[PDB]
Chemist: 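Submitted below is the structure of interest, expressed as structure tokens.
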Amino acid sequence: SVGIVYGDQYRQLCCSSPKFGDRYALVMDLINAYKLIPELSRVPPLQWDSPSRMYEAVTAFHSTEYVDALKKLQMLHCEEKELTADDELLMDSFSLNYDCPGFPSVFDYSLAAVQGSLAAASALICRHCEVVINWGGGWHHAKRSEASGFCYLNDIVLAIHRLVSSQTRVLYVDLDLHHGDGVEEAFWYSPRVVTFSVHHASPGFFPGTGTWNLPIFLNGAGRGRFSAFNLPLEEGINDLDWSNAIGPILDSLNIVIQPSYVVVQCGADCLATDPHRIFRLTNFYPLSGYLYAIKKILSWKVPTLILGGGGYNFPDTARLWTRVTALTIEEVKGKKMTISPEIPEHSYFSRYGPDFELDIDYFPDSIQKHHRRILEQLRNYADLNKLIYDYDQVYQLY
Amino acid sequence: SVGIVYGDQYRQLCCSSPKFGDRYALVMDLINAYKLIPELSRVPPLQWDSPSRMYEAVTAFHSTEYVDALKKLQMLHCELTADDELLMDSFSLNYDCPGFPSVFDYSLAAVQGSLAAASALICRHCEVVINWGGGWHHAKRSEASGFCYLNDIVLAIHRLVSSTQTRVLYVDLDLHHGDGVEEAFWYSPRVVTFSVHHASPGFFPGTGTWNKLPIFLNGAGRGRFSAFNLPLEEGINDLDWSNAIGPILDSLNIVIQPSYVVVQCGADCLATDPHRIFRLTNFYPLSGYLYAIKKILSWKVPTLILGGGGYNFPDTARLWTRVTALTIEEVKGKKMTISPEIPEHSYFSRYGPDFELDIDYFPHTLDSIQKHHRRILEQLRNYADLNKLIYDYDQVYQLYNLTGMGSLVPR
Amino acid sequence: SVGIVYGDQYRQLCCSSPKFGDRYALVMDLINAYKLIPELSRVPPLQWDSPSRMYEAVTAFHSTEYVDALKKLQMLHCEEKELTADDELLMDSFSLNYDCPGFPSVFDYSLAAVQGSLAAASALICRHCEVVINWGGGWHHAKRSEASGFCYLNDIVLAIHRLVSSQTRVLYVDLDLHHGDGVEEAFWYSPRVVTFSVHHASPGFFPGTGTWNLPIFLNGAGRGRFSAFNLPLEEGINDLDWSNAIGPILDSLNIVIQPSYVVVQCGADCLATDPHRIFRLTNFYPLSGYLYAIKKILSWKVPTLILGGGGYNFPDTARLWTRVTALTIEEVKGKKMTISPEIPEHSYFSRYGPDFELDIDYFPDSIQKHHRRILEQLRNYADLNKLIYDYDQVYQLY
Amino acid sequence: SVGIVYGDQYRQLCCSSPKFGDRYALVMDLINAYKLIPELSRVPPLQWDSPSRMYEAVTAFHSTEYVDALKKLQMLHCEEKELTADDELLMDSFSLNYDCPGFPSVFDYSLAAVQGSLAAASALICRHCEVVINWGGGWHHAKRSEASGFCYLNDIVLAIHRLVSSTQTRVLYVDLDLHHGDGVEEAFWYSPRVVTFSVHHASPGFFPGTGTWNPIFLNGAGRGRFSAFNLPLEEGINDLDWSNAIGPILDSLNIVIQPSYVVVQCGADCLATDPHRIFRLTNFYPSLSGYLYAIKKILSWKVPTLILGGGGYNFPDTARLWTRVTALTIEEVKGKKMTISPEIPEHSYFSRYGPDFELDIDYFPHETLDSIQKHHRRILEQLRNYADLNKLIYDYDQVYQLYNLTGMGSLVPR
Ligand SMILES: COc1ccc(C(=O)NO)cc1NC(=O)c1ccccc1
Ligand SMILES: COc1ccc(C(=O)NO)cc1NC(=O)c1ccccc1
Ligand SMILES: COc1ccc(C(=O)NO)cc1NC(=O)c1ccccc1
Ligand SMILES: COc1ccc(C(=O)NO)cc1NC(=O)c1ccccc1
Ligand SMILES: [K+]
Ligand SMILES: [K+]
Ligand SMILES: [K+]
Ligand SMILES: [K+]
Ligand SMILES: [K+]
Ligand SMILES: [K+]
Ligand SMILES: [K+]
Ligand SMILES: [K+]
Ligand SMILES: [Zn+2]
Ligand SMILES: [Zn+2]
Ligand SMILES: [Zn+2]
Ligand SMILES: [Zn+2]
């Protein structure tokens with residue numbers, strides 16, 4: 001069974017934000033326009049018995065003063081009156097400002113993705129599904145008491161915390177263009193959650209982390225030392241180079257960690273057509289670096305949560321995540337999925353102009369240093385955690 | 001004549017679900033142990049002449065395919081493939097609404113009871129009819145929800161409104177938003193839904209609250225202004241709850257002038273419910289429940305009274321037993337005195353450690369909801385305009401002015 | 001066994017306040033000058049496993065933001081510098097000002113009285129002691145989030161709450177000159193704690209409550225209706241009139257409520273020599289209204305908490321509470337306690353001049369309308385709480 | 001020679017109280033299962049030639065009436081004999097109640113710790129041992145005439161008193177326990193030749209209340225003025241900040257005081273996993289255990305030392321800490337590498353180290369204004385005052401050199 005999170009109120013909440021507009025509705029309507037929904041198990045988003053239960057779930061990672069502040073932020077933006085100077089000061093102290101502005105449903109919007117990614121984790125845990133997809137989630141920048149990168153609540157941290165609490169190890173794979181700093185930070189002292197983010201990094205580029213700090217590469221503290229992995233890449237990298245850079249790392253993490261679950265953040269802003277215009281990945285399925293990585297992770301047969309994230313060209317994000325969705329269905333059920341190269345007619349058909357194809361409209365040694373560095377960190381992690389593994393099989397992956 | 005729905009097979013079926021266990025048995029036996037059953041006309045559950053007439057009753061609201069799936073789920077649990085699992089999930093026959101050996105017979109029994117209750121009002125055998133086995137307001141046309149599989153309320157309202165200018169007033173006192181009843185009659189002016197409930201972010205089911213400034217949706221098309229909602233913050237006690245909906249209930253009866261009232265009376269607003277959200281009681285010198293039930297019965301409009309939520313089963317029995325005795329008192333004009341000590345009967349031991357009828361609870365300018373009164377009353381004036389009904393400002397004003405709140409009433 | 005709370009640190013902490021200076025030391029050393037401590041079982045004040053444990057005990061009644069504010073008030077008065085405007089506002093919002101000022105030990109001072117009255121409740125409960133005395137406690141004005149009348153923490157509410165969660169009914173008797181509002185308020189909705197205060201009341205006199213409010217007497221709410229009792233008396237009242245005014249009320253409450261514990265606030269500011277100069281009660285034992293009432297309450301043979309309270313002529317409060325101690329020793333153990341009419345030599349002897357006597361230095365129908373009102377309230381309480389009581393056996397006490 | 005206090009009867013008696021159960025047996029069996037017992041010279045607990053010599057040893061510190069009452073409480077609890085009302089009053093007069101109840105073996109239990117720590121003190125005096133460990137000892141709360149905090153007789157005070165009157169002689173007492181070592185501090189409050197230093201949690205309502213502001217720090221009186229040192233810390237401290245908190249205070253105390261003996265109370269309730277849940281220390285040994293760091297530093301001074309136990313109420317984790325301390329003592333003193341396997345060895349109490357059966361405690365250490373630099377300064381000014389009063393060399397330059405390693409030389413008074 002492959003699961004997918006949605007519901008009518010959930011789609012409305014995921015579409016109420018000023019920054020991601022209707023992206024979620026394009027994504028699920030293209031998945032549905034391609035008749036994928038009957039192949040998928042609808043996973044409904046989690047609801048709670050009371051305010052206290054919701055609070056106890058969210059403050060599993062977030063500080064209640066921050067949860068209080070984010071709820072107050074919604075109240076203030078549902079009135080017509082300006083914030084007081086005191087309330088601006090309060091919001092600033094949580095970075096609820098600038099890139100994380102308030103808006104009338106910011107708290108419900110932010111919490112939907114928590115409700116979605118918690119239900120996805122539960123569906124994996126009771127073994128109802130082997131993979132669950134949540135395209136409303138994947139907000140990896142949110143920190144304990146701080147908004148960041150338009151992430152107000154870290155739904156991934158919460159879902160990961162719910163899987164690891166059911167030895168139970170989790171491997172977190174972050175394919176987003178940006179460094180998954182909030183997730184990496186939450187589990188910085190924890191060795192049961194190995195995080196690996198591949199991203200672009202360059203001076204002044206958001207969020208700033210995931211790279212050299214001679215400067216050193218930090219990678220965990222305490223019992224968690226060597227448990228945060230990072231591959232930063234320069235601009236222009238295409239599908240094949242990105243694939244080759246990430247593939248051996250993915251395979252060696254699986255061999256050595258033997259994760260009980262895999263959580264994948266699939267931010268679509270690496271696409272060549274994302275307005276960031278940093279990377280050159282595609283959604284091509286002859287090969288898309290995204291599809292290479294999902295298929296590799298799915299070949300491990302570990303229960304897996306696939307999450308969204310960045311993606312600012314909304315129709316191409318829809319084009320990526322549709323292919324990811326059918327690829328999961330193929331790989332898990334074993335059932336050939338035949339996708340028309342033409343976009344089908346549906347509500348949002350006119351957004352996929354002017355060509356209406358499913359392919360996106362794009363025509364196409366420092367990594368070896370990073371590879372030796374990471375393999376050494378993996379040996380160190382295996383050492384520190386009394387984990388038995390063949391150095392030669394793993395060293396053979398490169 | 002006050003009617004009540006029971007039967008032997010009825011009670012075995014109401015007692016057969018994993019979620020609600022023997023709760024219906026406790027309720028009916030507490031009512032029996034207080035010697036109320038001789039005051040009440042037994043209303044027998046509806047049965048049909050064929051699977052085909054049954055299927056026809058149930059699909060007057062529910063899709064044929066959701067009903068087939070509910071049937072298949074039950075036969076399945078009496079003996080699943082990847083396609084079965086996908087089909088069940090396609091109807092939300094999972095998680096909060098799981099299958100179990102009698103899941104279909106259990107959901108159908110509430111339809112039998114509530115529909116039979118409806119007919120006893122229509123043919124005037126009963127002024128009021130009670131069904132503590134029914135009240136399942138979350139169930140959708142093609143979707144199970146919140147342990148609601150078939151929506152007996154929608155089906156009974158539908159029978160009431162199809163009998164021979166008939167308007168039904170639907171009053172939902174349950175802790176949760178009656179989304180299922182509200183969504184079924186959303187485009188219909190002759191069924192007015194009113195729900196008082198808790199709403200807050202992440203609280204089931206998420207509707208019946210606010211949705212430029214946010215707004216209340218309240219019906220569409222010919223149903224504009226006919227879906228009313230009063231969402232309240234946690235902590236409310238009997239008096240503020242009673243003050244909250246009392247005037248709204250009289251104002252709705254004055255303007256709509258319904259030919260029937262249907263009341264879902266789920267008990268999860270009790271201070272002692274495991275939800276621990278509202279702080280209502282079953283006290284009777286006052287219980288916001290009894291206060292509202294007594295106000296509704298004072299209109300002398302034929303009335304269906306339905307169960308619902310309530311997850312402390314002894315306390316739910318304590319409340320519905322009192323409600324039953326109140327209804328006998330209000331309709332027959334006949335004093336029903338109920339001993340504070342729970343009588344000898346086979347479930348006496350469930351009423352511990354006190355073994356008394358009042359629930360074991362100790363009740364102890366900002367939080368008003370006067371802008372809600374003002375909005376709701378403006379909704380009711382629109383509803384009257386769209387539907388060409390008399391809107392009697394004087395009577396409604398005089399109502400709210402008893403409280404000092406005439407100014408909230410629009411002309 | 002009769003128990004008394006003291007300890008060397010406890011004594012230092014009860015004596016660090018600006019309002020009551022060394023009273024507690026005058027009290028315990030006069031008890032000691034009279035060879036009374038060997039007859040008494042020392043009940044040490046309670047201490048906690050951790051900050052969290054202390055916080056849980058104190059917020060059984062007090063709000064944690066209030067406890068936070070009181071602790072902050074101590075730290076602030078252990079710094080040389082002035083409070084900020086923001087800190088003044090904060091303290092004001094808990095009435096930590098005016099009559100309840102900060103001082104270097106205000107939190108430790110307030111908390112000690114709680115530690116002692118909680119150790120006393122516990123020695124009653126485990127039955128180590130039939131009666132326990134804490135002259136360090138009895139701060140009946142402190143509310144959930146508000147200091148009042150130099151009371152910052154309500155030790156009595158907390159000791160009482162510990163008694164009723166050990167069916168259990170507590171009778172609380174408040175002999176202080178002032179209305180015990182905070183204790184009456186804390187149990188305003190509880191029928192298991194019946195509070196009875198007798199006090200002066202007149203317009204402008206602190207705290208204002210405990211009297212007509214044709215105004216009515218409030219007496220509880222909810223299931224607590226009729227469970228708060230009050231007898232306000234005109235100024236000038238003497239031992240005999242006071243004794244006769246309360247004596248029938250006390251015997252009635254006992255007969256009808258049948259308390260599991262009795263908690264007695266015994267504030268000494270009804271004394272003729274108290275600077276309030278309102279009542280004319282003495283410590284005379286030929287008869288002191290205090291001694292009469294204590295001895296009546298003790299003849300009931302219910303486990304009893306005896307607490308201090310007001311008392312602003314320190315040597316005379318010491319004179320009263322010494323006699324109270326000896327009476328308790330005598331009434332519980334059965335052995336006569338010969339107390340010399342002269343103050344024995346000790347550390348503080350010079351404070352009892354210029355005559356150094358144990359007797360304090362003093363030469364000595366509205367109540368029938370109050371009695372008939374209270375008797376009816378008692379009947380309303382009994383009827384509300386399905387209690388059996390011979391109406392006429394009670395009515396005869398008057 | 002590293003000595004350790006043990007014996008069959010000693011073990012039976014240290015395992016006979018209600019509060020500390022079989023904790024001593026788990027400690028000694030864990031040290032035995034890691035094969036450490038052959039590295040160690042067993043120090044037999046002291047026995048006396050008569051009841052009177054026992055009684056005079058114990059009343060070197062404790063009053064005759066308190067000891068007599070301790071004897072009677074034990075006699076009382078050995079019959080069906082419920083107490084007379086006067087029995088009850090006598091016991092309460094000594095706090096032989098609540099936190100220090102009677103039980104059938106309360107006097108033997110209490111005396112056993114004195115027997116171990118005195119024997120250990122004799123072995124340092126006659127130079128048979130450079131270091132001696134007693135994990136049955138370290139009952140720092142006991143007063144002259146008062147039991148306290150489940151301490152009934154103060155073996156620490158009695159041990160220090162034997163050392164300090166052996167044939168100028170100064171003892172440094174170092175109290176790492178979660179709680180203020182109030183009883184050792186009171187005993188020597190008027191005595192310059194035994195300098196007490198306690199690190200601990202203090203907060204309002206926390207046992208036992210002393211060792212903090214009073215706003216000034218009291219520090220001893222008359223001749224003992226400035227000889228009682230205290231460093232109270234807020235909850236939540238980890239191994240590194242605690243190590244950095246006391247490290248330089250300890251090196252400076254050793255530089256100035258020049259003690260002939262060090263006595264270390266090493267109670268384990270600062271461990272992250274202690275039910276007190278106040279400090280966050282560990283027993284880790286690669287990120288280094290505050291405990292091991294301080295024990296390693298005290299042994300580097302090469303001064304004859306007594307290592308005592310104390311608090312510690314997670315019994316498996318206490319054994320994990322003390323077993324690692326024992327191996328490090330052997331390593332520092334004998335020069336002999338002690339490698340301790342991360343898997344708990346097979347032995348009778350293996351089943352108490354579940355569900356991991358590892359030697360590292362099951363804890364995960366996670367994470368300007370919390371520093372305590374004013375305490376360092378207050379403490380160093382106190383230490384200069386002690387040196388003047390007592391006419392000792394205050395070597396400013398060495399202490400400065402010491403704090404300047406941290407970048408904190410400016411904290412050192414001239
Ligand atoms: C501060 O800006 C960001 C912060 C975080 C993310 C992100 O997707 N993180 O995963 C993306 C952005 N980028 C953007 O918000 C952006 C949107 C449209 C065009 C260009 C850029
Ligand atoms: C999805 O969960 C629900 C869904 C619907 C209702 C309900 O009664 N609606 O009227 C109640 C619940 N509540 C519960 O299932 C619940 C049961 C026991 C304790 C706490 C909560
Ligand atoms: C606001 O003032 C008070 C508040 C409370 C009490 C009291 O004793 N309560 O029990 C007493 C007072 N009275 C006084 O504090 C006072 C002190 C010296 C002379 C005269 C009066
Ligand atoms: C009065 O209580 C004590 C008194 C003294 C000490 C102590 O270890 N002193 O060193 C410890 C305690 N603490 C405890 O007895 C305690 C035991 C288990 C859980 C929580 C607390
Ligand atoms: K990334
Ligand atoms: K990690
Ligand atoms: K409702
Ligand atoms: K409607
Ligand atoms: K009083
Ligand atoms: K009361
Ligand atoms: K210590
Ligand atoms: K000293
Ligand atoms: Zn991104
Ligand atoms: Zn409900
Ligand atoms: Zn007073
Ligand atoms: Zn300790």
Side-chain angles (χ1 to χ4, degrees), chain A residues 19-20 23 47 49-50 99 138-142 148-151 156 172-184 195-201 205-211 228-233 237 242 245-246 249-250 263-271 274-279 281 289-290 293 307-313 317 320, chain B residues 19-20 23 96 135-139 145-148 153 172-181 195-199 203-205 208 264-270 273-278 280 306-312 316 319:
Chain A
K19 194 212 194 144
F20 290 103
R23 187 185 79 170
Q47 293 162 105
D49 292 344
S50 65
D99 282 325
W139 308 114
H140 56 170
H141 295 317
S148 177
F150 210 72
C151 307
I156 311 178
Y172 167 71
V173 177
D174 195 311
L175 309 168
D176 204 277
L177 172 69
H178 297 100
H179 172 238
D181 57 345
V183 183
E184 175 181 284
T195 62
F196 165 59
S197 172
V198 44
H199 43 257
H200 171 69
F205 181 67
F206 192 85
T209 46
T211 179
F229 287 81
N230 282 290
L231 184 57
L233 298 174
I237 185 158
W242 193 91
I246 203 204
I249 299 149
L250 289 185
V263 175
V264 199
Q265 197 273 17
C266 194
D269 37 7
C270 304
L271 281 179
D274 182 278
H276 286 81
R277 300 288 306 278
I278 307 271
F279 286 173
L281 310 197
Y290 287 101
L307 304 180
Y312 304 96
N313 178 327
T317 298
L320 176 60
Chain B
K19 178 74 170 305
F20 281 106
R23 181 185 74 170
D96 285 334
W136 304 118
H137 56 178
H138 293 306
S145 189
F147 214 73
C148 299
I153 317 190
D172 196 316
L173 312 173
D174 192 278
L175 183 55
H176 298 97
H177 180 231
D179 52 350
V181 182
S195 183
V196 63
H197 49 259
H198 185 60
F203 181 76
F204 189 95
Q264 193 273 19
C265 194
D268 26 19
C269 302
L270 287 186
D273 189 275
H275 282 87
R276 297 295 180 157
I277 287 163
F278 288 169
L280 272 46
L306 303 183
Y311 304 93
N312 178 332
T316 297
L319 172 65

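Side chains are part of it too, since the values below use all heavy atoms of this structure and drop only hydrogens, waters and symmetry mates. Below, chain A is the first sequence line, B the second, and so on; all start at residue 1. Numbering of ligands and ligand atoms starts at 1, following listing order.
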Chemist: In the structure I gave you, are the side-chain heavy atoms of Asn312(B) and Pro274(B) within less than 4.5 Å of one another anywhere?
Modeler: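 Yes, at least one pair of side-chain atoms sits under 4.5 Å.
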Chemist: Looking at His200(A) and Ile278(A), would you say the former's side chain and the latter's main chain have a donor-acceptor pair under 3.5 Å?
Modeler: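 It does not hold such a pair.
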Chemist: Determine, step by step, whether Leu250(A) and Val173(A) satisfy the side chain to side chain contact (heavy atoms under 4.5 Å, CB included) criterion, reporting the C-alpha distance in whole Å, the side-chain angles of both residues, the deciding distance to 0.1 Å, and the verdict.
Modeler: CA-CA 8 Å; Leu250(A) 289 185; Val173(A) 177; 3.9 Å; yes
Chemist: Looking at residues at least two apart in the chain, or sitting in another chain, which of them share a side chain to side chain contact (heavy atoms under 4.5 Å, CB included) with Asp274(A)?
Modeler: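 Result, side chain to side chain contact (heavy atoms under 4.5 Å, CB included) vs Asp274(A): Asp269(A), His276(A), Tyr312(A).
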Chemist: Please identify each residue that fulfils side-chain hydrogen bond (donor to acceptor under 3.5 Å, both in side chains) with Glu184(A), with sequence neighbours left out.
Modeler: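 Once residues adjacent in sequence are excluded, the partners of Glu184(A) under the side-chain hydrogen bond (donor to acceptor under 3.5 Å, both in side chains) criterion are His179(A), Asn230(A).
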Chemist: Decide side chain to side chain contact (heavy atoms under 4.5 Å, CB included) for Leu175(A) and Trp242(A); before the verdict, give the C-alpha distance in whole Å, the side-chain angles of both, and the deciding distance to 0.1 Å.
Modeler: CA-CA 10 Å; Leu175(A) 309 168; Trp242(A) 193 91; 3.7 Å; yes
Chemist: If I only include protein atoms of type N, O or S, how many are less than 2.8 Å from the Zn ion (ligand 13)?
Modeler: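 With waters ignored, the protein N/O/S count below 2.8 Å is 3.
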Chemist: Answer with yes or no whether the side chains of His138(B) and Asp179(B) bring together a donor and an acceptor at under 3.5 Å.
Modeler: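 Distance-only check passes for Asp179(B) and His138(B).
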Chemist: Which N, O or S atoms belonging to the protein are less than 3.4 Å from the K ion (ligand 5)?
Modeler: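 Protein N, O or S atoms closer than 3.4 Å to the K ion (ligand 5): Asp174(A) O, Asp174(A) OD1, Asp176(A) O, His178(A) O, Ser197(A) OG, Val198(A) O.
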Chemist: Is the shortest heavy-atom distance from the side chain of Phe205(A) to the side chain of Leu177(A) under 4.5 Å?
Modeler: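 Heavy-atom side-chain distance check passes, below 4.5 Å.
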Chemist: Would you say that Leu231(A) contacts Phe196(A) through its side chain, given a criterion of any heavy-atom pair below 4.5 Å between the two side chains?
Modeler: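 Answer yes - side chains close enough.
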